[PDB]
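Residue numbers (the entry's author numbering), protein chains in the order written: chain B, 1 to 305; chain A, 2 to 305. Note that CB positions come from ideal geometry on N, CA and C, so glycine has one too. Taking it in order: structure first as structure tokens, then the write-up.
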Amino acid sequence: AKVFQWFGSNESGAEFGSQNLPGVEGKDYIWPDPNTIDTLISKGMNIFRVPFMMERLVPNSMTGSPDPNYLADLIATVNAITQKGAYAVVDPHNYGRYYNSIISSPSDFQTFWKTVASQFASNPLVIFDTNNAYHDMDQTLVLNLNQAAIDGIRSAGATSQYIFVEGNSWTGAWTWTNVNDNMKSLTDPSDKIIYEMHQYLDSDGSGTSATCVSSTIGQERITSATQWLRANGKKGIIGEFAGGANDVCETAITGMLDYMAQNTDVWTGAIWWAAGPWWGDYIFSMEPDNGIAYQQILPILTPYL
Amino acid sequence: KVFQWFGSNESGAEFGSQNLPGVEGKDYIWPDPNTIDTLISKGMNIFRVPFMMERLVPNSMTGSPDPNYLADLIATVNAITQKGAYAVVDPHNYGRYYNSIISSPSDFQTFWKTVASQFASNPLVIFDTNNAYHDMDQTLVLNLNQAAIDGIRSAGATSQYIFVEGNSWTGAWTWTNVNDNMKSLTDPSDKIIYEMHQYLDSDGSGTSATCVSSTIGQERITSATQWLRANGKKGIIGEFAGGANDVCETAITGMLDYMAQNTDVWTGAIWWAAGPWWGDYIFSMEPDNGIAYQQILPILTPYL
Numbered sequence: 001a002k003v004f005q006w007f008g009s010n011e012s013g014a015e016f017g018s019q020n021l022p023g024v025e026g027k028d029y030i031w032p033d034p035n036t037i038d039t040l041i042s043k044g045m046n047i048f049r050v051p052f053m054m055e056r057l058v059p060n061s062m063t064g065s066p067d068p069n070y071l072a073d074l075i076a077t078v079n080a081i082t083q084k085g086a087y088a089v090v091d092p093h094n095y096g097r098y099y100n101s102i103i104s105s106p107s108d109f110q111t112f113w114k115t116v117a118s119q120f121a122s123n124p125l126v127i128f129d130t131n132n133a134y135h136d137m138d139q140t141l142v143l144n145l146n147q148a149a150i151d152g153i154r155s156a157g158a159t160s161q162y163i164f165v166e167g168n169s170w171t172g173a174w175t176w177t178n179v180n181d182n183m184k185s186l187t188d189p190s191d192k193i194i195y196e197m198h199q200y201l202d203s204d205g206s207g208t209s210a211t212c213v214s215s216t217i218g219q220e221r222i223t224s225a226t227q228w229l230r231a232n233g234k235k236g237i238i239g240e241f242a243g244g245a246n247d248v249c250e251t252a253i254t255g256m257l258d259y260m261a262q263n264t265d266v267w268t269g270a271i272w273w274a275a276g277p278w279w280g281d282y283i284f285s286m287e288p289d290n291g292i293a294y295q296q297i298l299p300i301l302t303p304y305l
Numbered sequence: 002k003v004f005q006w007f008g009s010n011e012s013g014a015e016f017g018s019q020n021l022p023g024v025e026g027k028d029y030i031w032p033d034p035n036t037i038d039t040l041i042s043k044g045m046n047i048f049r050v051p052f053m054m055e056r057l058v059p060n061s062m063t064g065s066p067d068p069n070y071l072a073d074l075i076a077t078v079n080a081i082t083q084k085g086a087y088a089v090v091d092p093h094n095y096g097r098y099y100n101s102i103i104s105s106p107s108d109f110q111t112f113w114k115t116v117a118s119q120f121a122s123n124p125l126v127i128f129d130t131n132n133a134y135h136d137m138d139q140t141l142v143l144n145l146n147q148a149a150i151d152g153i154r155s156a157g158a159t160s161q162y163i164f165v166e167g168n169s170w171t172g173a174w175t176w177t178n179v180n181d182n183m184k185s186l187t188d189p190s191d192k193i194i195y196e197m198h199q200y201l202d203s204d205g206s207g208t209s210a211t212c213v214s215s216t217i218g219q220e221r222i223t224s225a226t227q228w229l230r231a232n233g234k235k236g237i238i239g240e241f242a243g244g245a246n247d248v249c250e251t252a253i254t255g256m257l258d259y260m261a262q263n264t265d266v267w268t269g270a271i272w273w274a275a276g277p278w279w280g281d282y283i284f285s286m287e288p289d290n291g292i293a294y295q296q297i298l299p300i301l302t303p304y305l
């Protein structure tokens with residue numbers, strides 16, 4: 001029935017209001033609604049990516065103890081996804097930075113990851129995502145941070161779970177081959193690395209405009225990444241993508257997903273940005289029942305589900 | 002005169018970049034020599050002239066120039082330099098040619114020999130290897146800058162400064178995090194200047210008139226200043242801007258005052274931007290009615 005291994009949505013909210021640390025739940029940030037996740041599951045989605053802030057989960061020093069209350073909501077969100085049989089992606093949505101400084105210690109990052117993985121180590125439907133969208137930082141450091149995360153996760157006995165690794169240049173698919181070639185060297189004793197790339201369809205690829213460049217821009221922008229995955233014997237996932245509810249973007253989205261469906265030897269699937277309870281009239285909202293993408297884009301995603 | 006160079010970008014020939022070749026007067030336009038003269042009379046002595054590689058040398062960068070677009074580049078350079086000011090020849094290309102990363106240093110060197118040959122006798126031309134390399138291999142960026150230098154000097158253009166640019170959109174605030182390898186560039190004329198760009202809005206994109214704080218500019222160039230000094234190099238801010246408001250005014254003068262006490266490494270600064278097709282642009286330095294011309298230029302007069 002389904003075309004891809006995974007197809008689903010980001011569930012954004014716990015990383016909102018990032019200028020306020022620790023911030024206040026219900027005021028600066030909010031966790032996803034399990035009831036609307038249930039609706040997306042009924043439509044055929046089977047993966048939900050859950051952004052959160054490292055600084056809220058493990059305050060002050062990333063080698064320290066977790067904050068019990070923010071951790072409790074991360075756990076509740078994750079286990080509600082997995083109790084339904086869907087995969088939950090644990091995403092420290094941190095851009096390679098902690099208190100807005102580049103994470104320069106792989107050893108500290110490895111300890112952070114042992115701490116996080118230890119909370120989920122027996123749940124095979126959890127997916128660990130090393131960090132969202134590394135950018136503007138040393139390329140060997142990005143490799144070493146991803147490897148430190150893998151090592152920390154596996155050291156906790158979390159050996160059944162997939163690990164989504166992310167590259168530099170905001171992990172963009174269109175920029176992957178000439179920036180992130182060194183990422184092919186990552187190692188995992190469980191052999192469960194998936195290369196997570198992001199792809200937006202507006203002029204600069206920022207995903208801040210509802211206008212897409214053209215009706216073929218998604219396919220165009222992931223073609224070289226597809227060939228890189230195949231040449232290197234790797235698997236990938238599109239962990240964020242979106243376009244506006246308009247004709248050109250819808251055609252680009254269909255074209256991109258149809259191209260991925262012809263290349264499932266390397267593409268494991270795709271994850272829309274974004275659902276979550278605090279989006280309102282956001283141009284990309286996948287939140288049931290009234291998000292614009294839930295109403296107008298989901299019908300073009302259903303062929304893959 | 003506080004700095005070796007202080008002036009403005011003269012934007013327009015790179016407009017309408019989706020239309021190649023595009024049509025002069027419709028998709029793009031060259032700078033107005035009369036308004037350049039006005040900025041010269043205010044004390045500016047450097048004008049950076051963006052243009053598209055594909056419009057100057059179409060189809061293949063190893064090919065022959067387009068005569069019409071080249072003639073207008075030449076006319077613009079001469080309008081600037083005949084007065085005694087410096088003209089920066091800026092292939093405003095982001096490390097890319099027909100939207101693909103420039104992966105051949107040899108082809109890029111040939112492009113640069115072609116361009117430098119047109120200006121080799123003019124000591125007031127400055128060659129800028131490429132605008133704002135980004136999202137590409139760090140060793141390639143080094144190699145492209147070196148290939149440009151080699152091409153320029155091979156043409157006999159030996160008197161001119163060469164502005165080199167780094168990765169991360171050549172940002173000053175990101176320089177030490179990504180561009181350390183750029184220290185190894187060599188030039189037989191010993192006239193390399195490291196050109197960095199710095200904007201003052203939250204994400205550094207230079208698209209908002211709001212600045213983060215009254216100190217954001219000086220903050221964002223401190224580690225780059227230290228890198229230049231530690232490595233025995235000289236730099237220039239080749240693009241900067243802020244909105245016509247109190248916070249940005251203060252951020253601009255605080256950044257320039259810091260550069261002024263660090264002229265062992267900083268050669269000066271170049272505003273973004275003047276040019277004839279900006280209209281009501283938040284940063285327009287175009288005389289007589291650009292917002293920055295009216296409201297920012299008065300705060301820059303102490304540096305002219």
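Rounded C-beta distance between residue i and residue j? I'm assuming under 8 Å.
i	j	result
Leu40 (chain B)	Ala245 (chain B)	Not a contact, Cβ separation roughly 17 Å.
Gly167 (chain A)	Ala121 (chain A)	Going by Cβ atoms, the distance from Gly167 (chain A) to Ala121 (chain A) rounds to 26 Å, so no, they are not a contact pair.
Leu298 (chain A)	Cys249 (chain A)	Actually they do not touch by this definition, with Cβ atoms about 14 Å apart.
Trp267 (chain B)	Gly236 (chain B)	6 Å
Taking just the CA atoms, how far does residue j sit from residue i?
i	j	result
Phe109 (chain A)	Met62 (chain A)	7 Å
residue 1 (chain A)	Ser155 (chain B)	Outside the shown range of chain A, which is 2 to 305, sits residue 1 (chain A), and nothing can be said about it.
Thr187 (chain B)	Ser169 (chain B)	21 Å
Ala133 (chain B)	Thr82 (chain A)	45 Å
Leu57 (chain B)	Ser65 (chain B)	9 Å
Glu287 (chain A)	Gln161 (chain A)	27 Å
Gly255 (chain A)	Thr130 (chain A)	29 Å
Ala86 (chain A)	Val213 (chain A)	33 Å
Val50 (chain B)	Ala76 (chain B)	12 Å
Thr211 (chain A)	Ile283 (chain A)	10 Å
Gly96 (chain A)	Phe52 (chain A)	13 Å
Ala88 (chain A)	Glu11 (chain A)	10 Å
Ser206 (chain B)	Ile222 (chain A)	25 Å
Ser105 (chain A)	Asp181 (chain B)	18 Å
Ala173 (chain A)	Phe128 (chain A)	20 Å
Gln119 (chain B)	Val165 (chain A)	49 Å
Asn144 (chain A)	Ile150 (chain A)	10 Å
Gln5 (chain A)	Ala72 (chain B)	59 Å
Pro68 (chain A)	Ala293 (chain B)	49 Å
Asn123 (chain A)	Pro59 (chain A)	24 Å
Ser107 (chain A)	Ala231 (chain B)	26 Å
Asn94 (chain B)	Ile163 (chain A)	38 Å
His135 (chain B)	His135 (chain A)	11 Å
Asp204 (chain A)	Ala1 (chain B)	43 Å
Note down, in chain order, each residue of its chain lying with its Cβ closer than 8 Å to the Cβ of residue i, except the 5 sequence neighbours on either side.
i	result
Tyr99 (chain B)	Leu21, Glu55
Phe7 (chain A)	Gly44, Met45, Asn46, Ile47, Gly269, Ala270, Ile271, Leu301, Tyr304, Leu305
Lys84 (chain B)	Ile37, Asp38, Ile41
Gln139 (chain A)	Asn168, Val179, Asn180, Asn182
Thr111 (chain A)	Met62, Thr63, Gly152
Do residue j and residue i come within 9 Å of each other at the CB atom, strictly closer than that value?
i	j	result
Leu74 (chain B)	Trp31 (chain B)	yes
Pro92 (chain A)	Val126 (chain A)	no
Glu196 (chain A)	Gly152 (chain A)	no
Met183 (chain A)	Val179 (chain B)	no
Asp28 (chain B)	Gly17 (chain B)	yes
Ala148 (chain A)	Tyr70 (chain A)	no
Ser215 (chain B)	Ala252 (chain B)	yes
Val3 (chain A)	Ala261 (chain A)	yes
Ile102 (chain A)	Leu141 (chain A)	yes
Spatial neighbours of residue i within its chain, please: CB distance less than 6 Å, with the 5 preceding and 5 following residues excluded, ordered by chain position.
i	result
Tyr259 (chain B)	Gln219
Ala80 (chain B)	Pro34
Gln295 (chain B)	none
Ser224 (chain A)	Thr177
Beta-carbon within less than 7 Å of residue i's beta-carbon, same chain only, minus the 5 sequence neighbours each way: which residues are those?
i	result
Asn263 (chain A)	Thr226
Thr159 (chain A)	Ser190
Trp278 (chain B)	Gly13, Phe16, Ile30
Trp228 (chain A)	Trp176, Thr177
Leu257 (chain A)	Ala270, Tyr304
Could I get the ranges of all uninterrupted alpha helix (DSSP H) runs contained in the stretch 228-275 of chain B, with 4 residues as the minimum, in chain order?
247-261
Going residue by residue through the stretch 29-107 of chain B, where are the continuous alpha helix (DSSP H) segments of at least 4 residues, counting only ones entirely within it?
34-42, 54-57, 68-83
Continuous beta strand (DSSP E) assignments of at least 3 residues falling wholly in the stretch 125-162 of chain A:
126-129
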